[PDB]
There are 4 protein chains.
Amino acid sequence: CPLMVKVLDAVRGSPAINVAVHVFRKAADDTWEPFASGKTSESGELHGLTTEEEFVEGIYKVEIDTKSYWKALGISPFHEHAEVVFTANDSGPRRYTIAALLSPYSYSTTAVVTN
Amino acid sequence: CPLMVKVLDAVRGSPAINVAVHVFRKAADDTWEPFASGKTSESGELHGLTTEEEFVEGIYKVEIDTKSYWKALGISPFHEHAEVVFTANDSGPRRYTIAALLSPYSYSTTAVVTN
Amino acid sequence: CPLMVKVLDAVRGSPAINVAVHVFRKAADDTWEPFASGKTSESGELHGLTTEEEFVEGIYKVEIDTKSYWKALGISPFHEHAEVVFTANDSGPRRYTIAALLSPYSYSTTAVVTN
Amino acid sequence: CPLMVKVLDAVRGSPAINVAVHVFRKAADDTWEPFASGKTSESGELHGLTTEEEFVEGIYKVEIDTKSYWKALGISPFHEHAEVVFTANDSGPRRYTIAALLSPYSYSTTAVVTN
Ligand SMILES: COc1cc(/C=C/c2ccc(O)cc2)cc(OC)c1
């Protein structure tokens with residue numbers, strides 16, 4: 001799988017488990033079309049979102065449903081979600097890991113792009 | 001201003017200057033409507049986007065045009081932009097500072113909310 | 001001041017107030033010697049640690065006492081402190097802002113260096 | 001192994017490979033004693049630092065040699081290194097992952113503590 005999402009919780013020092021993640025791809029008319037989705041595992045990871053065949057060059061949006069995550073833990077958060085928007089390019093390496101570190105009023109994200 | 005945006009460059013260790021910022025607000029029909037825009041100053045700050053009168057309750061999206069920033073510096077970065085989505089003023093009027101720290105393959109953002 | 005420290009709390013979305021900060025400077029014998037200390041204000045800022053005259057070339061360590069901060073708020077955090085170590089003024093005198101963003105199991109830090 | 005270190009590069013969007021990491025444990029006389037060390041792998045990870053038998057409760061310091069890493073890449077960095085200082089507690093879960101995200105003028109670190 002060429003696309004993986006990993007989510008960490010900076011308050012508890014743990015994987016962020018059971019977080020909903022929605023991936024979109026931008027359509028010709030400039031709208032976001034649903035592409036893949038799931039919930040993070042006990043390791044904070046979401047695998048199997050797509051295949052090499054389906055993950056063509058394009059503009060993608062990964063939406064991590066952070067507000068619902070903080071609410072489930074009884075903590076008041078700021079963001080509705082975290083959105084990571086990027087162009088997938090075949091020149092670049094094959095595997096994209098989108099990592100996100102969550103706090104109630106802050107998030108960080110990085111891309112780890114490897115072969 | 002009840003809404004301020006501050007952007008730092010983690011590669012240079014400097015304010016991120018001349019970064020375009022676009023703010024949108026969700027309309028009743030759930031579409032994003034333009035609300036305000038501007039560019040960061042030599043201090044990395046963008047003041048004067050709105051007024052207490054105009055900054056009513058709503059769901060807002062602050063997009064920071066990070067790709068345009070990096071490309072102007074000869075870096076082909078990963079993200080298209082950094083996008084901060086939040087409900088504002090739902091518990092009464094507040095002052096919001098959206099701070100962002102940029103690297104070519106990573107960003108963070110935090111909100112500082114005061115009375 | 002040529003050296004300023006600013007600290008934010010990523011859980012509350014606020015300045016981190018009353019955070020103790022200790023600055024050390026390496027001596028010729030490679031031991032850390034006390035250089036300056038203070039506490040962050042209601043704005044999360046600590047000004048006036050030193051002067052241009054006293055802030056000579058050297059290797060400095062800014063320790064931010066994050067454990068004491070969190071414990072005062074009922075959180076048992078992971079780190080003892082956040083420690084920022086750098087050479088200063090080696091390319092001529094500069095102004096340094098050390099910014100830190102705190103969560104109970106995570107911190108970040110960035111330097112903004114200006115003329 | 002109850003202690004693992006993972007290091008990422010926020011400029012290249014890659015694991016930070018061949019980074020020296022030194023771990024210390026605080027001695028009774030309040031000095032730092034060498035405990036374990038290594039260099040990160042091609043995956044940015046350093047495994048096998050210690051065993052459960054040797055990793056007793058105590059205060060530990062993980063020092064990630066970031067300056068040497070940036071110099072090897074021809075980039076001018078700010079920090080001498082990144083230091084992560086923490087108390088290991090047997091009440092807490094068994095496995096400590098120290099993760100660090102590096103930029104030339106900024107670093108972030110989080111602890112992921114799991115069973
Ligand atoms: C296996 O542990 C990991 C930790 C991390 C940590 C990421 C992170 C991102 C932003 C930050 O501010 C701090 C850490 C990323 C990973 O990507 C495969 C794996």
# chains A, B, ... in the order shown; residues from 1 in each chain; ligands from 1
call {"tool": "residues_near_ligand", "arguments": {"ligand": "ligand 1", "cutoff": "9 Å", "atoms": "only C-alpha atoms and all ligand atoms", "output": "PyMOL selection string"}}
result
(chain A and resi 4-8+10+45+97-102+107-112) or (chain B and resi 106-108) or (chain C and resi 106-108) or (chain D and resi 5-8+10+15+45+97-102+107-112)
call {"tool": "calpha_fit_rmsd", "arguments": {"fixed": "chain A", "moving": "chain C"}}
result
1.0 Å
call {"tool": "interface_residues", "arguments": {"of": "chain D", "to": "chain B", "cutoff": "7 Å", "atoms": "only C-alpha atoms", "output": "PDB file with C-alpha atoms, in the first residue's frame"}}
result
ATOM      1  CA  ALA D  10      11.100  17.501   8.075  1.00  0.00           C
ATOM      2  CA  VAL D  11      13.080  19.116   5.241  1.00  0.00           C
ATOM      3  CA  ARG D  12      13.513  16.037   3.054  1.00  0.00           C
ATOM      4  CA  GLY D  13      10.433  14.134   4.238  1.00  0.00           C
ATOM      5  CA  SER D 103      14.299  20.897  11.028  1.00  0.00           C
ATOM      6  CA  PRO D 104      17.432  23.092  10.908  1.00  0.00           C
ATOM      7  CA  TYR D 105      16.072  25.653  13.416  1.00  0.00           C
ATOM      8  CA  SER D 106      13.426  23.561  15.174  1.00  0.00           C
TER       9      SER D 106
END
call {"tool": "select_by_dssp", "arguments": {"residues": "chain A", "states": "helix (DSSP H, G or I)", "output": "NGL selection string"}}
result
:A and (66-72)
call {"tool": "residues_around", "arguments": {"residues": "residue 3 in chain B", "least_positions_apart": "3", "cutoff": "12 Å", "atoms": "only C-alpha atoms", "output": "tab-separated table (two decimals) with N, CA and C atoms, in the first residue's frame"}}
result
chain	number	residue	atom	x	y	z
B	6	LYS	N	0.26	34.17	12.51
B	6	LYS	CA	1.71	34.33	12.65
B	6	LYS	C	2.38	33.09	12.09
B	23	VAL	N	-8.89	33.29	4.38
B	23	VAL	CA	-9.81	32.84	5.40
B	23	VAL	C	-11.18	32.68	4.73
B	35	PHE	N	-13.92	35.01	3.25
B	35	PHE	CA	-14.14	35.90	4.39
B	35	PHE	C	-13.12	37.03	4.49
B	36	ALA	N	-11.83	36.70	4.38
B	36	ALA	CA	-10.77	37.72	4.43
B	36	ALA	C	-9.50	37.13	3.83
B	37	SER	N	-8.57	37.98	3.41
B	37	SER	CA	-7.26	37.49	3.01
B	37	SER	C	-6.20	38.55	3.21
B	45	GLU	N	3.73	38.24	10.60
B	45	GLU	CA	2.40	38.44	11.15
B	45	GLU	C	1.42	39.05	10.17
B	46	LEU	N	0.15	38.69	10.33
B	46	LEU	CA	-0.91	39.24	9.51
B	46	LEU	C	-2.00	39.71	10.43
B	47	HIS	N	-2.14	41.03	10.48
B	47	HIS	CA	-3.09	41.71	11.35
B	47	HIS	C	-4.17	42.31	10.45
B	48	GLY	N	-5.30	42.65	11.06
B	48	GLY	CA	-6.31	43.45	10.38
B	48	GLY	C	-7.18	42.67	9.42
B	49	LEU	N	-7.23	41.36	9.55
B	49	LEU	CA	-8.06	40.54	8.67
B	49	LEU	C	-9.54	40.84	8.83
B	50	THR	N	-9.95	41.13	10.05
B	50	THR	CA	-11.36	41.33	10.34
B	50	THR	C	-11.58	42.23	11.54
B	51	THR	N	-12.85	42.43	11.87
B	51	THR	CA	-13.24	43.29	12.98
B	51	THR	C	-14.08	42.45	13.92
B	52	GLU	N	-14.23	42.91	15.16
B	52	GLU	CA	-15.13	42.24	16.08
B	52	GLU	C	-16.54	42.16	15.51
B	53	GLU	N	-16.99	43.20	14.81
B	53	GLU	CA	-18.33	43.20	14.24
B	53	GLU	C	-18.51	42.10	13.18
B	54	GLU	N	-17.53	41.94	12.30
B	54	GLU	CA	-17.68	41.05	11.17
B	54	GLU	C	-17.39	39.60	11.53
B	55	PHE	N	-16.55	39.38	12.55
B	55	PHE	CA	-16.12	38.05	12.97
B	55	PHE	C	-17.15	37.41	13.90
B	56	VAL	N	-18.29	37.05	13.32
B	56	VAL	CA	-19.40	36.47	14.04
B	56	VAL	C	-19.12	34.98	14.29
B	60	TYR	N	-14.76	28.49	10.52
B	60	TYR	CA	-13.79	29.21	9.73
B	60	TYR	C	-12.68	28.28	9.28
B	61	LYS	N	-12.11	28.57	8.13
B	61	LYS	CA	-10.93	27.88	7.62
B	61	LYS	C	-9.88	28.92	7.27
B	62	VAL	N	-8.72	28.84	7.92
B	62	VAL	CA	-7.57	29.68	7.62
B	62	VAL	C	-6.63	28.84	6.77
B	88	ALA	N	-15.53	29.34	15.75
B	88	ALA	CA	-15.12	30.55	16.48
B	88	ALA	C	-16.31	31.21	17.13
B	89	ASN	N	-16.03	31.81	18.29
B	89	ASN	CA	-16.97	32.66	19.02
B	89	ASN	C	-18.24	31.95	19.49
B	93	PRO	N	-17.38	35.98	22.24
B	93	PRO	CA	-16.26	36.53	21.45
B	93	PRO	C	-14.89	36.35	22.12
B	94	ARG	N	-13.93	35.89	21.32
B	94	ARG	CA	-12.56	35.68	21.78
B	94	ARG	C	-11.57	36.31	20.80
B	95	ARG	N	-10.31	36.42	21.23
B	95	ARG	CA	-9.22	36.77	20.33
B	95	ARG	C	-8.45	35.50	19.98
B	96	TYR	N	-8.23	35.30	18.69
B	96	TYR	CA	-7.60	34.09	18.17
B	96	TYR	C	-6.30	34.42	17.47
B	97	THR	N	-5.21	33.76	17.87
B	97	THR	CA	-3.98	33.80	17.13
B	97	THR	C	-3.72	32.40	16.59
B	98	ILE	N	-3.61	32.29	15.27
B	98	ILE	CA	-3.25	31.04	14.63
B	98	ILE	C	-1.78	31.12	14.29
B	99	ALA	N	-0.97	30.27	14.90
B	99	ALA	CA	0.46	30.27	14.69
B	99	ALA	C	0.83	29.04	13.90
B	111	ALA	N	-3.28	27.17	18.18
B	111	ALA	CA	-4.17	28.29	18.38
B	111	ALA	C	-3.90	28.82	19.78
B	112	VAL	N	-3.80	30.14	19.93
B	112	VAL	CA	-3.76	30.79	21.21
B	112	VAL	C	-5.01	31.62	21.29
B	113	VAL	N	-5.86	31.31	22.26
B	113	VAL	CA	-7.18	31.92	22.36
B	113	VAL	C	-7.27	32.63	23.69
B	114	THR	N	-7.56	33.92	23.64
B	114	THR	CA	-7.58	34.75	24.85
B	114	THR	C	-8.84	35.62	24.94
call {"tool": "select_by_dssp", "arguments": {"residues": "chain C", "states": "strand (DSSP E)", "output": "PyMOL selection string"}}
result
chain C and resi 3-9+14-15+20-26+32-39+45-46+58-64+79-88+95-103+106-114
call {"tool": "closest_residue", "arguments": {"among": "C:86, C:33, C:40, C:81", "to": "residue 66 in chain D", "atoms": "only C-alpha atoms"}}
result
C:86
call {"tool": "atom_distance", "arguments": {"atom1": "CA of residue 80 in chain D", "atom2": "CA of residue 38 in chain C"}}
result
23.0 Å
call {"tool": "closest_residue", "arguments": {"among": "D:87, D:68, D:76, D:43", "to": "residue 19 in chain D", "atoms": "only C-alpha atoms"}}
result
D:68
